[PDB]
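Have a look at the structure below, then the notes.
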Amino acid sequence: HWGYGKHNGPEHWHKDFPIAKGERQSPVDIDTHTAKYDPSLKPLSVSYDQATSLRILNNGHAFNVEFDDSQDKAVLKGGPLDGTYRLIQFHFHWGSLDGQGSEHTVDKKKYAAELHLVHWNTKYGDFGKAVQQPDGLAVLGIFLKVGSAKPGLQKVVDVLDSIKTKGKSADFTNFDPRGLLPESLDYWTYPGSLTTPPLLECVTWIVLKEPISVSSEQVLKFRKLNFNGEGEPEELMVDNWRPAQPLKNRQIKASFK
Ligand SMILES: NS(=O)(=O)/N=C1\NCc2ccccc2N1
Ligand SMILES: [Zn+2]
């Protein structure tokens, strides 16, 4: 089954998921000089004050923090988006070393990690129907660099010891995702895909320009997670990122001049 190793990683995914070679795959390199400021982009609106987190799960590929999405609690609106997109989960991608780990790159620069806040378009009723639509999803991507600790991340770091292996979960109520955001909401946007199988081309990507800083100790704890299940040989959960894919017939737009 798919993963990030030499025998099941990104270069192999196309055999089971032919869309891997499609026309709007993600991630991409963001060439900052070619991206064009779009004065038509409406203001972006991140409304996370009523977010209701539920649980944290090691799914064998990353860890997901899951939210109650049965009502408009935590939503993303504005920017390139029409209507309202509900937060369903967030997760990260990260490296074995601080010099890699992000999926998107900025003028070919790799960050140490990348946070994905995944949202679905409420016009389609449920996530499963949304991922059959070209405008079904919006993912807010945030780069992580190593420097000072991010206080709003520490509650995540401290629960990781309880979900070390694939299939383990833990209660994760009362987590506030506002604590994961940088100061600025300046962003780049483009149409793309999920970056893990099934690689569905449903996503409006919104990638923030400003990274958050996390401490070396915080990212080191990500790297102590395991891809394997309990009782199986230990394989550290590191380098769970897909590299940049061809931009093809797309333009990246900037919200800022
Ligand atoms: N890295 S990503 O683009 O968020 N990929 C994702 N997100 C959420 C999801 C849900 C179900 C199946 C696959 C995926 N893949
Ligand atoms: Zn992701």
Side-chain angles (χ1 to χ4, degrees), residues 2-4 8-10 13-14 16-20 22-30 53-69 74 76 81 85-95 100-105 110-121 124-128 130-144 153 156 166-167 169 177 180 187-208 211-212 219 222 225 227 237-245 247 250 252:
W2 73 267
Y4 293 97
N8 62 359
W13 293 350
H14 73 99
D16 272 350
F17 306 95
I19 202 176
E23 297 298 302
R24 57 174 276 185
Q25 290 289 292
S26 295
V28 299
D29 181 56
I30 300 168
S53 64
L54 294 173
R55 191 180 70 145
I56 190 172
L57 170 70
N58 178 335
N59 61 23
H61 312 289
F63 63 86
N64 290 351
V65 174
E66 304 158 350
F67 290 79
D68 175 5
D69 65 348
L76 187 63
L81 305 173
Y85 289 69
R86 281 179 197 165
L87 178 64
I88 181 166
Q89 54 106 323
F90 71 77
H91 62 272
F92 303 79
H93 305 264
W94 61 92
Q100 62 186 31
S102 66
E103 294 204 311
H104 295 87
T105 57
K110 294 172 168 78
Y111 286 91
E114 186 174 330
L115 166 60
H116 291 161
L117 295 126
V118 180
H119 312 75
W120 58 271
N121 191 331
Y124 303 120
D126 72 64
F127 178 90
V131 301
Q132 304 175 54
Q133 318 302 328
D135 60 350
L137 300 182
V139 183
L140 182 59
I142 305 179
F143 296 118
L144 281 60
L153 183 59
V156 173
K166 178 174 51 65
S169 67
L180 298 173
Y187 65 87
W188 298 282
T189 184
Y190 75 97
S193 74
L194 300 177
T195 71
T196 56
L199 301 170
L200 300 174
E201 291 182 338
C202 312
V203 180
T204 302
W205 276 95
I206 299 168
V207 178
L208 298 190
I212 61 166
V219 67
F222 285 17
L225 289 164
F227 284 126
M237 184 178 282
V238 295
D239 293 319
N240 58 351
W241 51 278
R242 191 190 194 190
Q245 301 300 305
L247 189 58
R250 291 178 286 183
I252 303 181

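Computed over heavy atoms, backbone and side chain alike; hydrogens, waters and symmetry mates excluded. Ligands are counted one by one from 1 in listed order, and the atoms in each one are counted from 1 as well. Each residue takes its place number in the sequence, starting with 1.
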Task: Geometric class of the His116/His91 ring pair [parallel <30°, tilted 30-60°, perpendicular >60°] - done: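 Taking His116 first and then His91, their aromatic rings stand perpendicular (interplane angle over 60°).
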Task: Candidate list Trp2, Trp241, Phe92, test ring-ring contact (aromatic ring centres under 6.0 Å, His included), partner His61, passing option - done: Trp2
TODO: Give a yes or no on whether the ring-centroid distance for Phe67 and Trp120 is below 6.0 angstrom.
DONE: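 No: the rings miss the under 6.0 Å criterion.
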Open item on the list: For the aromatic rings, using the six-membered ring if either is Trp, is the centroid distance between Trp205 and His104 under 6.0 Å?
Closed with: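 Yes: the rings meet the under 6.0 Å criterion.
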Open item on the list: Quick test of your reading of the structure: of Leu194, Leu117, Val131, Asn64, whose heavy atom lies closest to atom 7 (N) of ligand 1?
Closed with: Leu194
Show me which atoms of ligand 1 lie under 4.0 Å from any heavy atom of [X].
X      : value
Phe127 : 10 (C)
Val118 : 4 (O)
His116 : 1 (N), 4 (O)
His93  : 1 (N)

For ligand 1, note which part of [X] has a heavy atom under 4.0 Å away: side chain, backbone, both or neither.
X      : value
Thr195 : both
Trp120 : neither
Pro197 : backbone

Task: Name of the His116 atom (N/O/S only) found closest to the Zn ion (ligand 2) - done: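 For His116, the N/O/S atom sitting closest to the Zn ion (ligand 2) is ND1.
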Open item on the list: Tell me which N, O or S atom from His93 is the closest to the Zn ion (ligand 2).
Closed with: NE2
Task: Close N or O approach (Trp205, ligand 1; < 3.5 Å) - done: no
Task: Pairing of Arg242 and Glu103 as salt bridge, 4.0 angstrom limit - done: no
Flag, side chain of [X] to backbone of [Y], donor-acceptor distance under 3.5 Å:
X      : Y      : answer
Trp13  : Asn8   : yes
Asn240 : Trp94  : yes
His119 : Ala138 : yes

Task: Flag side-chain contact, heavy atom, 4.5 Å: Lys110 against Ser102 - done: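 They are in contact (side-chain heavy atoms under 4.5 Å apart), so the answer is yes.
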Among all protein heavy atoms, pick out the one at the shortest distance from [atom]; state its residue, atom name and that distance to 0.1 Å.
atom                    : value
atom 14 (C) of ligand 1 : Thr196 OG1, 3.6 Å
atom 9 (C) of ligand 1  : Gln89 NE2, 4.3 Å
atom 12 (C) of ligand 1 : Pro198 CD, 4.0 Å
atom 4 (O) of ligand 1  : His91 CE1, 3.0 Å

TODO: Could you establish whether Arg242 and ligand 1 come within less than 4.0 Å of each other, counting only heavy atoms on the residue side?
DONE: no
Open item on the list: Just to verify, which of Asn121, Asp135, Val131 counts as forming a side chain to side chain contact (heavy atoms under 4.5 Å, CB included) with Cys202?
Closed with: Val131
